[PDB]
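**Student:** Structure provided below as structure tokens; questions to follow.
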Amino acid sequence: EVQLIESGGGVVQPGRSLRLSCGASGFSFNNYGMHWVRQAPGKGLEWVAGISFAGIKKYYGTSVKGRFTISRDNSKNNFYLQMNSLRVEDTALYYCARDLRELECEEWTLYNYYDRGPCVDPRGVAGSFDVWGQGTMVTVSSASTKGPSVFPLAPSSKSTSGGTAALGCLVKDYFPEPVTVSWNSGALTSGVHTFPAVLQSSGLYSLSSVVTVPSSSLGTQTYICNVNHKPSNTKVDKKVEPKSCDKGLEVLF
Amino acid sequence: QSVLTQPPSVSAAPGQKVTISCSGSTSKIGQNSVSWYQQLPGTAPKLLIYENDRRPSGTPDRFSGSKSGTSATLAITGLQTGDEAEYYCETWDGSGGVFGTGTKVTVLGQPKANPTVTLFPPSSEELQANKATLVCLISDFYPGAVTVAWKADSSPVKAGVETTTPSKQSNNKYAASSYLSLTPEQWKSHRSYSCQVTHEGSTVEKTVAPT
């Protein structure tokens with residue numbers, strides 16, 4: 001069974017370096033080229049680098065050329081990406097992928113005139129990727145553990161529609177993941193949705209938790225969002241009240 | 001990050017036929033072959049088409065490709081539920097490695113739902129922290145694909161934006177979020193900011209201003 005498996009991923013500070021390792025199996029590794037394709041989740045696919053089956057030709061994307069480096073060890077069915085001078089914008093899920101073009105070497109190095117050595121075929125990749133690995137995650141942040149600042153997404157006339165009001169909590173600037181949010185100690189679960197976290201250029205995560213409720217209840221019912229960040233050992237409780245100065249929304253009391 | 005342009009999303013009912021388009025520079029697609037990949041949600045991509053119109057031993061007759069000039073096209077007949085994914089076009093131009101944006105193909109499994117867009121201004125509390133963040137929340141919509149865009153006094157904004165991809169809700173519909181990070185100066189020194197959400201050709205636009 002054909003398999004590609006990556007490894008080396010993890011959280012790493014910018015400026016530093018990191019080596020990923022792709023292990024190939026289920027086919028003749030020394031007959032195919034290899035590529036690294038990354039994907040900022042879920043911003044789409046970006047091609048990083050590629051190597052010819054003999055290891056003679058190296059290709060690099062404009063975003064990484066000069067900083068990153070590729071190589072392969074056919075004796076180990078391995079395939080490496082040496083990342084240097086890491087940038088916060090290098091954060092992505094890194095896939096290793098096999099090159100489409102199957103080639104048989106037709107030019108080796110004979111290290112002594114009695115016998116063999118590395119293949120040296122000058123060719124030559126196709127540029128199409130017919131096998132993919134599971135991908136290994138590479139997060140780049142200079143941040144250490146930090147607790148969140150919780151801000152209210154107050155309900156207003158611009159969040160109500162059809163007798164259903166929308167309110168939430170902005171959980172800003174924390175690290176690392178995760179952050180679990182609840183509403184009224186878990187009494188309120190209907191209409192609640194907590195969105196995926198967002199990694200800012202600052203190096204910190206942010207997310208929002210929103211809940212939908214009867215617009216008429218805003219004047220009597222009380223809504224507290226319960227943010228929880230165990231990494232920094234923090235529990236914030238923010239009471240969200242309707243927008244202060246809003247004509248377009250009537251509220252009891 | 002040089003890139004080939006694709007449509008954001010297309011959708012059709014089980015059994016119908018879809019067409020997806022690529023397009024780009026002549027020094028890229030004008031002179032080189034094109035490939036197509038399928039990326040089911042949560043898993044790695046998978047080659048569907050190579051050399052413009054060749055199918056690998058393992059992809060059905062249903063998928064087909066065709067290139068002409070500076071444009072390329074992927075087509076899927078007899079849609080099955082398991083065809084729901086993102087589709088990327090790609091080309092190799094020597095140094096090579098150029099993907100599409102690309103396109104999500106949704107196979108409708110429920111009634112289309114229009115998004116309820118809610119835009120929040122920065123809290124005075126946050127402004128006291130000499131910072132500002134506009135939070136645009138998109139809720140209750142299907143198919144689960146959108147395109148958010150921010151504007152300042154009806155002028156495009158690109159820097160300081162981060163958008164999450166749509167995620168399933170408890171009611172099996174989708175929701176998404178977008179954040180525009182400002183300084184309190186920018187926030188107050190503009191007449192209005194607006195969050196423009198596009199969903200199935202339709203575009204909703206909410207607006208907010210200082211106090």
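Just remember, in the structure tokens the first chain shown is A, the second B, etc., residues are 1-based per chain, and ligands are 1-based in the order shown.
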Please provide the set of residues having any atom within 9 Å of segment 152-164 of chain B, restricted to only C-alpha atoms, with same-chain residues fewer than 2 positions apart removed, written as number ranges by chain.
**Tutor:** A: 41-43, 195-201; B: 148-150, 166-167, 176-182, 190-194
**Student:** Using only C-alpha atoms, find each residue of segment 65-108 of chain B with at least one atom at most 10 Å away from an atom of segment 49-54 of chain B; report its shortest atom-to-atom pair and that distance in Å (one decimal), sort the rows by chain and rising residue number, and return the result as a Markdown table.
**Tutor:**
| residue | atom | partner | partner_atom | distance |
| --- | --- | --- | --- | --- |
| B:65 | CA | B:53 | CA | 4.4 |
| B:66 | CA | B:53 | CA | 5.6 |
| B:67 | CA | B:52 | CA | 6.0 |
| B:68 | CA | B:52 | CA | 9.5 |
| B:72 | CA | B:52 | CA | 7.7 |
| B:73 | CA | B:52 | CA | 8.6 |
| B:74 | CA | B:49 | CA | 8.5 |
| B:89 | CA | B:49 | CA | 9.2 |
| B:90 | CA | B:50 | CA | 9.2 |
| B:91 | CA | B:51 | CA | 9.4 |
**Student:** Which of segment 22-146 of chain A counts as strand (DSSP E or B) under DSSP, as a PyMOL selection string please?
**Tutor:** chain A and resi 22-25+32-40+44-51+58-60+65+68-73+78-83+92-102+108+119+129-132+136-140+146
**Student:** From the list A:4, A:166, A:204, A:138, which residue is nearest chain B when using only C-alpha atoms?
**Tutor:**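 Looking at the shortest contact to chain B, the residue is A:166.
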**Student:** With distances taken over only C-alpha atoms, which of B:92, B:37, B:63, B:87 is nearest to chain A?
**Tutor:**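 Closest residue, counting only C-alpha atoms: B:92.
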**Student:** If the cut-off is 6 Å, can you tell me the residues of chain A near chain B, counting only C-alpha atoms? I'd like them as JSON, numbers by chain.
**Tutor:** {"A": [47, 59, 127, 130, 159]}
**Student:** Give me a file of those residues, with N, CA and C atoms, as an mmCIF file, in the first residue's frame.
**Tutor:**
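result00.cif was written with the following content:
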data_model
loop_
_atom_site.group_PDB
_atom_site.id
_atom_site.type_symbol
_atom_site.label_atom_id
_atom_site.label_comp_id
_atom_site.auth_asym_id
_atom_site.auth_seq_id
_atom_site.Cartn_x
_atom_site.Cartn_y
_atom_site.Cartn_z
ATOM 1 N N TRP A 47 2.540 25.838 -3.275
ATOM 2 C CA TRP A 47 3.673 24.965 -3.569
ATOM 3 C C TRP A 47 4.972 25.552 -3.022
ATOM 4 N N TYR A 59 13.912 22.790 -6.961
ATOM 5 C CA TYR A 59 13.005 23.888 -7.286
ATOM 6 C C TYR A 59 12.459 24.500 -6.001
ATOM 7 N N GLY A 127 5.708 17.995 -12.486
ATOM 8 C CA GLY A 127 5.073 19.107 -11.803
ATOM 9 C C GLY A 127 3.631 18.815 -11.442
ATOM 10 N N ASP A 130 0.705 13.041 -7.675
ATOM 11 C CA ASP A 130 -0.238 11.924 -7.755
ATOM 12 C C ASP A 130 -0.369 11.128 -6.454
ATOM 13 N N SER A 159 -28.261 43.267 15.032
ATOM 14 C CA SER A 159 -28.007 41.855 15.304
ATOM 15 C C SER A 159 -29.305 41.087 15.557
#
**Student:** Taking only C-alpha atoms into account, name the residue in B:187, B:200, B:107, B:132 that is nearest to residue 14 of chain B.
**Tutor:**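 Residue with the minimum atom-to-atom distance to residue 14 of chain B: B:107.
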**Student:** What does the structure give for the distance between atom CA of residue 109 of chain B and atom CA of residue 198 of chain B, in Å to one decimal?
**Tutor:**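 Rounded to one decimal, the two atoms are 20.5 Å apart.
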**Student:** Using only C-alpha atoms, which residues sit within 10 Å of residue 246 of chain A once same-chain residues fewer than 3 positions away are excluded, as a VMD selection string?
**Tutor:** (chain A and resid 155 to 158 242 to 243 249 to 251) or (chain B and resid 211)
**Student:** Neighbouring residues of residue 241 of chain A were defined as those with any atom within 8 Å, considering only C-alpha atoms; residues of the same chain fewer than 3 positions away were excluded. Please report them as a list in words.
**Tutor:**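 Residues meeting the cut-off are residues 154, 155, 218, 222 and 223 of chain A.
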**Student:** What lies within 9 Å of residue 17 of chain B using only C-alpha atoms, ignoring chain neighbours under 3 positions off, as a PyMOL selection string?
**Tutor:** chain B and resi 12-14+75-79
**Student:** What's the separation between atom CA of residue 152 of chain A and atom CA of residue 172 of chain B, in Å to one decimal place?
**Tutor:**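 Between atom CA of residue 152 of chain A and atom CA of residue 172 of chain B the gap works out to 26.2 Å.
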**Student:** When you look at residue 79 of chain A with a cut-off of 8 Å (counting only C-alpha atoms), what residues show up, excluding the ones that are within fewer than 2 positions of it in the same chain? I need them as a VMD selection string.
**Tutor:** chain A and resid 21 to 24 34 70 to 73 77 81
**Student:** Near residue 144 of chain A, within 12 Å and counting only C-alpha atoms, which residues show up once chain neighbours fewer than 5 positions away are dropped, as a list in words?
**Tutor:**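 Non-adjacent residues within range: residues 11, 12, 13, 173, 174, 175, 176, 177, 202, 203, 204, 205, 231 and 232 of chain A.
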**Student:** Rounded to one decimal, what separation in Å do you get between atom CA of residue 213 of chain A and atom CA of residue 164 of chain A?
**Tutor:** 5.3 Å
